[PDB]
């Protein structure tokens, strides 16, 4: 450097986050100093310009990495598939034809892949990614409930300095003030959960070579729920976690014996296509073969689907893709809701400000409230459905759109009615434009703790009232009919969102102390 690299790394962090330059010890972590994925991008671009090497946001925010690791990464880079080698350096568009398995996996794996032994008839061991995430924790719990009674095992890869720290990170997400959940988790975890520290963007999933080789022999099925889920980051930042990560998962599925892959995806892969032309269960390579650079998020998840489709075509790897956005709170376990998402932020904001519009949707010609539907599914149903259908996917390639398709007239205005019925003081402001300005003023007047958990960062989305759509514009038949045939839950169908769920949001928000 000029100047050793670690010093520039510490000073930049100190400047960016407002620490004292003695509190920016090289063993400290970016998140412990007040950092998050917004400031991590600023940091990444700053160090990128100074040292002329890529410093991905994933390296900065990972629980395994401290500021020393960031410095080490920079110096290693100055003296592994990338955006340049796959899509061409500085490219402004991307193509499905770019994403071939030859660019991610070695030739020996690919050559031996077509003739590999077929999936095991009985699933006893499952590898799960993203288990400390919002959806993944309940996928983990669903698999433990099934496999522990049959003497089976759930293997889990979590980011952390070592296996101990990784397990502690997973343990803590089940601590939400619900004693029954914690006892249920700990009972099952002792009997059937193996936690390994790792990182799916790295080679051999960031594991010890002996563990990777063991899993290639031992794992019957792979559930890939892990990803960097960020709607503002560009495709270049999400390439490592979401595209290369998916390729590394596929590599394990195409070694020793074939392992069916459940892959989590998003409605954001339909960005660039009209909703009516988006075939739920079509070939994703045909449904959008070319794309421009939630744009990066959508593109990254799309790219993962393409690679898994290539793996199916090359070796007959069974795949089940599940496209899911806005996975709402657990209906039974208290304190279990996705705190950062837009829906939770909105509900918290309405309770904090105590004011709501006559309608979030467009009014009719006579100024009245129209019929509308909120597309959302609770996590407890979603986890059971994905696990049931994924377990049944030992042959072929199929995709499901995990959305709420009901033409039931249950939307945001009904949720506000239900909060008022339950006793929460929410006033109904008649004019939408008057609401929005009053809402923004009241939000800005809240304490610092509450403002950061509010919807204030996402206020641009509420500028105009949304269009009054009942049902969902995307096709769901494959998911809904499969759920009906499999007879999932009490409903034997995708559930309707109800008063009990909305009332529970308010109690969850209080219980977590927001």
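Numbering follows the first chain given and starts at 1.
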{"query": "Deposited residues omitted from coordinates between residue 293 and residue 294, as a class", "finding": "4 to 9"}
{"query": "Residues of the deposited sequence that sit between residue 80 and residue 79 yet are not modelled", "finding": "4 to 9"}
{"query": "373 to 381 or 111 to 119, whichever carries the higher mean Cα B-factor", "finding": "111 to 119"}
{"query": "Residue range whose averaged C-alpha B-factor is higher in the record, 22 to 30 or 470 to 478", "finding": "22 to 30"}
{"query": "Highest-ranked of 38, 70, 63, 57 once sorted by CA temperature factor in the record", "finding": "38"}
{"query": "Top residue by Cα temperature factor, when 417, 401, 341, 106 are compared in the entry", "finding": "106"}
{"query": "Relative C-alpha B-factor of residue 359, binned into the chain's lowest, middle or highest third", "finding": "middle"}
{"query": "Residue 131, C-alpha B-factor rank within chain (lowest, middle or highest third)", "finding": "lowest"}
{"query": "Entry-reported Cα temperature factor of residue 386, expressed as the chain third it lands in", "finding": "lowest"}
{"query": "Modelled-residue ranking by C-alpha temperature factor, third containing residue 439", "finding": "highest"}
{"query": "Assigned third (lowest, middle, highest) for the C-alpha B factor of residue 145", "finding": "lowest"}
